[PDB]
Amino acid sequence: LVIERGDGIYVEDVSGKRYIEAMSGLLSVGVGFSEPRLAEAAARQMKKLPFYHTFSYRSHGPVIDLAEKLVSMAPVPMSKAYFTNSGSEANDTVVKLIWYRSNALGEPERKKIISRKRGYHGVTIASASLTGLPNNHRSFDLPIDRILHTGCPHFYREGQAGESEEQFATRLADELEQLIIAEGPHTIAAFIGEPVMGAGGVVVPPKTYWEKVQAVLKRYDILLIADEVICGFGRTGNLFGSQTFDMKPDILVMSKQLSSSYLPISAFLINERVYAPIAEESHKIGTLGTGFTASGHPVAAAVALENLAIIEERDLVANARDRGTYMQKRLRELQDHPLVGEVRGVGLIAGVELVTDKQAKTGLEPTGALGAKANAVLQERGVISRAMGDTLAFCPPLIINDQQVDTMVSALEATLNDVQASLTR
């Protein structure tokens, strides 16, 4: 499929066929594909100061405004913002600064990072190691040393026979505590988690998961990294997924949804607990020895500022919340369809996991074929979704309206009826 242009929630292929972009590109195009104010902000800044760097006591207006804006928006008190080009780079720099911080606190052994199976955190050698998906690892010799993985909080696929949802949450927290104790709690620097796992199949954690996990982390004074790369800026029904799930991160990572993917930019926020010992170490060394050439890029920063202004001016967090409520309801009305194993989601993100045998939770051979078959029909019916194995993901732009949600979910129902009628046989 060759995509040539976009407009609102739609993209068009070279033949002129229009599709609802049900994943907003890479779960990132928040304001849709034709927001003219973002091009206006880019063109204005690029003709004033197209590039300057933030190295060595230099700065510029756009990054200063954006740093203030992001800190002011934080769901918990934050101290500083640091800028990169991608979410992958951000998580990579976060791991590096966590090691630096532990050295700056006289803890040379507190260097291990706990991630989760099916988590997604980027593609650098380090951030691909954090990533808990199989295709990211073995043939790349990953994960690197110091990165650990605990279990995926996906009740439908990980719960034991007869186990309740909250018992499953308790078991995950206990398995996390068991991991920390067996590794040596003083060796664990941080735990990283998406509020909801996006690329791993839209895994919504069981209720009480984040409360119980945070109790464990607080017991050992382990840092919490909230990876808001997908869940940020209105996706889950609040500005940040951390608010939706009552998470209190020390570090909060944001991706190019900062700019609705219109330009490469990413950032993370750190609280005073993280910043202060890093600042003192940088003073003993004489510099903080890291940074990307385009960190804080003024044109990307200008576009991000305008993108955030649009989200606030047009109340897009509330719009996503309310369209999300309607989408979640419409999708769950398909629960009784013969091919629907599970419907999961919160706010404006959802997954529909397909099966052909509901009791055994199995689909076609191999797993992935059913999702690939349904996704092809869905595309033909004018909706672009992402098949994550046998899960179809829905993550449309924040500007969508109820009429468009209705069209998207009706296309999915018709798709499932088509696939059902064709499987026999």
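Residue positions are given as counts along the sequence shown, with the first one as 1.
In this entry, 214-222 has the higher mean Cα B-factor, the comparison being between 84-92 and 214-222. Of the two stretches examined, 144-152 and 260-268, the record assigns the greater average C-alpha temperature factor to 144-152. When the C-alpha B factors of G363, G61, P50, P396 are read from the deposited coordinates, the top value falls at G363. Among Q359, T391, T54, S34, the highest C-alpha B-factor in the deposited entry belongs to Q359. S115 sits in the middle third of its chain by CA B factor, as recorded in the PDB entry. Per the deposited record, the Cα B-factor of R323 falls in the middle third when ranked against the other modelled residues of its chain. When the modelled residues of the chain are ordered by C-alpha B-factor, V303 sits in the lowest third. Ranked against the other modelled residues of its chain, the C-alpha B-factor of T208 as given in the entry falls in the middle third. In this PDB entry, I400 carries a Cα temperature factor that places it within the middle third of its chain's modelled residues.
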